[PDB]
Structures are given as structure tokens and as C-alpha cells.
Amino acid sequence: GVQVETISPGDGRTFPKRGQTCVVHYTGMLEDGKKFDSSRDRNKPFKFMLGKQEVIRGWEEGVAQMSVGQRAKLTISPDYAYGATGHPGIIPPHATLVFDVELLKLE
């Protein structure tokens, strides 16, 4: 599944609902620590809509647990990420992933 470990607290009140757009910054790394992506390096917040099957299960369920302003470490088992398939040339098969995610606002 997905573990959510808080880095910095959010408001504890405003949680994303199905049909709302989450605006986040994130960094993604493999379990061994190798960074593979960062919206911060891209200098553009990442947007996705909850309930629209847009993101890996670990995100769909992990970000749902966050409130606006919260920064958290999401540790995600391969089955809640890219599984045995992986993501060609980025995510190897059977990868546990770690995301640093900050929920900036809802739209």
C-alpha cells in the first residue's frame, strides 16, 4: 500500500475530494535513493484530479490523506506503483518508490 509520513503539517481541515484538482510539488526516488523526477526541478507544480485514475494508487490514496499545506513522504509498494511492469527505462520492475509531496492547494 502507501505509507504517509508527515514532514511538515497541513491545516488538518482541507482534504482533497473526488473531482477536485490537487496542485502539488513532488520529488520521486527509488528505494535505493536514486532520484528520477522533481516538479521543483521542472519549475512547475503538478496537477491531477482525484478520482480520475490519473495517478498510481499510492498517490491516489496517499494524497487523499493529506491536507492543504502538508508535506509528506509517501513510501509506495510496487503494487501501488508500477509493479512487475515498471516504467520503461525510468522505473525498474519491482520498485518500491519514495515521493516527497507537498499539497499546495486545491482547484
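One-based numbering along the sequence shown. Basically, rigid core = biggest C-alpha set you can superpose within 1.5 Å across the two forms.
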Quiz item: Looking at C-alpha RMS in 4 other deposited structures of this protein with the core superposed, is it 62-70 or 30-38 that drifts more?
Solution: 30-38
Practice problem: Give, as the answer, the stretch of 19-27 and 83-91 that departs more from the shown form in 4 other deposited structures of this protein; the measure is RMS Cα distance after a core fit. | Solution: 83-91
Practice problem: Could you check the entry and say whether 15-23 or 91-99 has the higher mean CA B-factor? | Solution: 15-23
Exercise. Read off the CA B-factors in the entry, average them over 47-55 and over 72-80, and name the higher stretch.
Key: 47-55
Quiz prompt | residue 66, C-alpha B-factor rank within chain (lowest, middle or highest third) | solution = lowest
Quiz item: Going by the entry, which third of its chain does the Cα temperature factor of residue 7 land in?
Solution: middle
